[PDB]
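Residue numbers (the entry's author numbering), protein chains in the order written: chain A, 1 to 552; chain B, 1 to 427.
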Amino acid sequence: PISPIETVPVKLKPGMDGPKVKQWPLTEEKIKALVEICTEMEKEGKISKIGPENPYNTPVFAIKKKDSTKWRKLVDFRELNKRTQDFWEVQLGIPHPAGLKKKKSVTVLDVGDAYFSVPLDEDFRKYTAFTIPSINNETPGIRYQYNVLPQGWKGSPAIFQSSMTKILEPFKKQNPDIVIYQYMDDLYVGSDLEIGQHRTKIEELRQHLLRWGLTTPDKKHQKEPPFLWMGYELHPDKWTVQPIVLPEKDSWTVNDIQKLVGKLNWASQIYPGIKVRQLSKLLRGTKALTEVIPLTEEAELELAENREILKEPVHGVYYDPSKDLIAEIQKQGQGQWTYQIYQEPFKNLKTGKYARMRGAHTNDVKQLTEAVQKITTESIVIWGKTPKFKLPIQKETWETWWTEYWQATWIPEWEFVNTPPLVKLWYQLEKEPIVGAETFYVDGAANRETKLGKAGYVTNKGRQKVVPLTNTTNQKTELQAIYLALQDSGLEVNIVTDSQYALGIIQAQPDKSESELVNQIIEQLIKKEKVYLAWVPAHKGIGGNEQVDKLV
Amino acid sequence: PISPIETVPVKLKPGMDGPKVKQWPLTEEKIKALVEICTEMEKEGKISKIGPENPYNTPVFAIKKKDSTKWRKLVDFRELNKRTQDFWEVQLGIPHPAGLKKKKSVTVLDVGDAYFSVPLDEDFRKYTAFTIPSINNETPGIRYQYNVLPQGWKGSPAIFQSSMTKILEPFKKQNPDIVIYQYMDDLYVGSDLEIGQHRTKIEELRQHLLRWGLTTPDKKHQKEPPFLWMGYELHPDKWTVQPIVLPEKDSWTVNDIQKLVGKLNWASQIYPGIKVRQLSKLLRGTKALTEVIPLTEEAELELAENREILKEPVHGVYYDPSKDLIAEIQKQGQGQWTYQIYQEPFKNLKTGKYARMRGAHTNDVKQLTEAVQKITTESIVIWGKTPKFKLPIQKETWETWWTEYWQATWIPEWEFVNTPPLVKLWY
Ligand SMILES: Cc1cc(C#N)cc(C)c1Oc1nc(Nc2ccc(C#N)cc2)nc(CO)c1Br
Ligand SMILES: [Mg+2]
């Protein structure tokens with residue numbers, strides 16, 4: 001029940017000092033209950049009657065939930081915790097199955113009885129002092145002081161997993177075949193022995209632990225081959241997700257809409273095409289938890305296109321450090337990209353998606369890059385290496401673009417994989433003006449308050465126009481201006497603008513943006529033979545806005 | 001009394017609590033390096049294992065020593081620095097000689113090895129703790145913390161400063177014209193001797209340090225020259241102004257003069273005395289673009305005129321030691337990059353250009369990691385302090401690959417910028 005483990009010396013924050021809160025309501029039936037657990041506790045050395053002298057108290061509560069055959073002691077260390085130094089956080093993350101090695105037999109041990117076995121820094125004890133109120137006659141209550149890690153204390157999970165790891169270390173050495181992993185109240189053991197030999201090692205480990213005062217159990221209500229790990233359905237040579245539940249309903253609300261998406265994503269680790277752009281878009285309403293939201297058309301279709309997918313159970317394989325890691329990416333459309341990492345072209349290792357939630361204007365190639373990146377990170381975290389990539393884009397494309405782009409990117413090793421769609425450059429602005437082409441001097445202001453604007457051009461030819469627009473902005477007009485010139489120009493044109501805005505947006509060659517206007521522009525750009533853009537300062541350059549502005 | 005010293009009491013700024021920076025995850029290759037490298041330090045007593053009561057944590061990587069046989073443990077004490085050395089930039093500042101930039105040649109040696117003799121104040125250690133990660137979170141990190149002034153923490157130099165000067169002094173004597181600047185892990189020696197002498201004077205120094213405890217690895221090669229370039233040899237008396245070139249053209253076209261008007265147009269707030277109007281007047285017309293057109297009244301006058309106030313640097317361009325230095329970098333393509341190191345907008349303390357080579361061998365994220373270590377060092381020399389880089393790269397990409405070509409023992413401060421506009425044209 002208690003081990004001869006060295007203790008992690010502990011301290012209370014800088015200036016502070018132990019807590020002095022109390023609680024004194026005595027229900028006989030419980031003061032007994034506690035003094036009960038307490039006597040069987042002290043007996044087991046886990047606590048100690050303390051003589052009135054400097055102690056600091058803490059709340060004592062008695063509990064019995066459902067199926068109560070016994071009671072349960074419970075102290076509230078909230079006020080103590082708020083006074084103890086911080087510790088080294090562990091378990092921030094969980095190993096992800098897609099990178100687990102195929103092991104044969106397995107066994108999860110129960111180590112909850114745990115923290116009550118590890119010692120408490122001899123000196124930090126005085127603070128743990130709690131007091132069970134005895135005679136209501138306001139008599140010197142039977143007072144104790146913890147000797148092992150208290151159930152709620154701050155430094156407990158920490159000082160525990162610590163002590164643990166230290167106890168496994170030796171056993172881990174003389175048994176390099178026996179892989180262990182601990183997570184809180186548990187201690188999972190996986191090996192390549194046959195269920196017999198395996199239940200041997202388990203016994204040794206079991207004994208080993210016990211010598212260290214850490215007592216473990218032999219049976220309880222659990223299960224076998226599948227394993228229920230945090231959300232993963234774990235099988236000996238395959239893993240996959242515990243059956244998910246996409247609920248259908250009448251009125252949906254944010255709280256629900258979120259809980260849906262979240263469930264949806266989780267499935268993505270392995271369900272090939274899971275899509276989510278639409279169902280998420282419906283949460284622009286960054287507010288109401290109960291504000292019922294209409295599953296407006298676009299969403300529904302998606303959700304269902306997902307129901308058909310979960311509809312057919314699929315699982316995954318493990319990591320073979322011997323074989324190669326690969327990654328393929330396929331574009332889906334609305335800025336969504338799917339991928340799956342594997343070693344063998346058939347069943348998967350893990351899959352994933354990448355959506356561009358970065359605003360308004362983007363590019364397929366770029367996105368492709370962003371995807372790749374996302375994955376390389378994950379791969380490093382999971383496998384600790386960098387998959388060879390398989391991507392729907394040809395060097396004469398990629399290379400050309402990283403050659404143009406003002407930012408610097410860097411894709412790792414990649415092999416082209418011809419399969420629709422296909423990342424490419426739907427157009428290219430000409431670098432030098434066009435000899436012979438009509439020069440359109442576009443422009444177009446807007447009234448910031450009246451919201452009334454104009455957009456027009458004037459060509460070298462002396463071909464003019466102005467088109468009335470309402471409910472628009474300096475930006476909207478400025479583009480509409482570039483959309484106009486484009487419209488009214490021939491298969492070749494030299495366009496001149498004043499907005500660094502309009503310009504930039506066109507230069508990146510956005511494959512798309514839902515901003516139909518930009519699109520309208522984008523498409524005209526594709527239909528043209530040759531285009532040339534030019535930027536010239538606003539309030540003091542050319543001499544063409546004015547003659548149209550004076551009109552506006 | 002431990003053979004080398006007795007701890008120098010360290011105290012971080014009040015209201016300041018130790019670092020708690022997360023550990024980037026790494027490659028298995030890299031973990032194993034560190035795992036070995038640390039089991040060594042561990043043995044040599046250099047470092048120990050820590051418990052759960054050490055909530056502190058500074059990052060670590062593994063880099064290629066000098067494109068060598070084995071690895072190097074590179075700690076990113078960037079946080080612990082801000083939290084300490086800033087008041088050890090005071091309580092123990094290491095004075096920066098404004099003439100070294102003048103020397104004809106500056107060699108850079110790595111003294112990072114001496115520190116490991118000096119034991120770190122018994123109480124500050126807890127802060128220099130770092131953690132080697134694990135793949136797929138299967139195992140709790142490994143936790144080591146220092147016991148000797150560690151390399152990288154801008155506090156070792158300050159502590160060791162004492163003992164340095166002493167070791168140096170009897171060479172700074174026989175050699176009173178040579179300047180020796182200590183900056184963290186490295187020594188920067190300057191001299192106006194013909195190289196051949198210099199190089200020798202350096203090794204003449206290298207052995208002086210050596211026969212006095214300190215060990216400098218800087219032995220790049222021997223008699224056999226596999227076209228491998230000798231030690232770090234900068235030449236700061238050539239650290240002059242970069243070229244902002246307008247083009248003298250055979251023929252001028254609406255477009256050419258169009259753009260030209262732009263460049264000049266914004267140089268406007270670098271030098272508030274540039275006039276375009278005389279040029280901007282020939283474009284007030286809505287003429288074709290391929291069309292060729294000539295001068296205006298004082299056009300030619302204004303071209304060669306502003307061509308001038310341009311070749312003559314600015315004003316109010318003095319260095320503010322109280323402020324921070326800032327380096328902006330922009331891709332030029334085909335291996336070329338450019339940079340400015342200002343403190344406030346358009347008052348550039350300096351600018352330059354970096355260029356690697358041609359295709360087959362280099363990628364962007366190498367040029368940038370080098371253009372960076374280049375600009376850092378010019379900066380260390382000139383102002384005795386590294387700048388904060390406004391990098392034109394996607395945060396995560398950089399975050400992923402910078403180590404991949406990083407050779408410097410120190411790490412600057414950086415942030416990313418998704419927009420470098422009209423600036424590329426200009427420079
Ligand atoms: C992640 C995990 C979960 C459970 C739990 N629960 C038990 C153990 C021991 C575990 O560790 C590992 N598991 C596996 N594969 C594994 C395969 C199938 C099944 C089943 N059924 C369980 C584990 N491989 C590695 C190697 O790296 C580790 Br480490
Ligand atoms: Mg205008």
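Heads up, the beta-carbon is just placed ideally off N, CA and C, and yes, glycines get one too.
Backbone CA spacing between residue i and residue j [nearest angstrom]
i	j	result
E169(B)	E89(A)	48 Å
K530(A)	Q428(A)	8 Å
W535(A)	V548(A)	18 Å
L289(A)	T253(A)	7 Å
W401(A)	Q394(A)	11 Å
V261(B)	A502(A)	19 Å
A98(B)	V118(B)	29 Å
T376(B)	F389(B)	9 Å
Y405(B)	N418(B)	23 Å
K73(A)	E6(A)	27 Å
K64(B)	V75(B)	13 Å
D113(A)	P1(A)	8 Å
Closer than 7 Å: residue i CB and nearest ligand 2 heavy atom
i	result
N265(A)	no
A538(A)	yes
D498(A)	yes
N265(B)	no
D364(B)	no
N545(A)	yes
heavy atom of ligand 1 below 7 Å from residue i C-beta
i	result
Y188(A)	yes
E138(B)	yes
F171(A)	no
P412(B)	no
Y181(A)	yes
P133(B)	no
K73(B)	no
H235(A)	yes
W229(A)	yes
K103(A)	yes
Test: residue i CB closer than 8 Å to a CB of chain A
i	result
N54(B)	yes
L74(B)	no
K424(B)	yes
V189(B)	no
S280(B)	yes
Residues that DSSP places opposite residue i in a beta bridge
i	result
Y354(B)	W337(B)
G190(A)	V106(A), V179(A)
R199(B)	None; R199(B) has no bridge partner.
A408(A)	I393(B)
Enclosing beta strand (DSSP E) for residue i [first to last residue]
i	result
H235(A)	232-235
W229(A)	227-229
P468(A)	464-470
residue 560(A)	Limits of chain A in this structure are 1 at one end and 552 at the other, which puts residue 560(A) out of reach.
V60(A)	60-63
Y127(A)	Counting along the chain, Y127(A) falls outside any beta strand (DSSP E), though it belongs to the alpha helix (DSSP H) covering 125-128.
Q145(B)	142-146
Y457(A)	452-458
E29(A)	First-last for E29(A): 28-43, but that is the alpha helix (DSSP H), not the beta strand (DSSP E).
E413(B)	413-416
Beta carbon proximity, residue i to chain B, threshold 8 Å
i	result
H96(A)	yes
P9(A)	yes
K540(A)	yes
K385(A)	yes
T397(A)	no
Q407(A)	yes
Endpoints, the alpha helix (DSSP H) within which residue i is located
i	result
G333(A)	Looking at the DSSP string, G333(A) is not in any alpha helix (DSSP H), and its letter there is neither H nor E.
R206(A)	195-211
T377(A)	364-382
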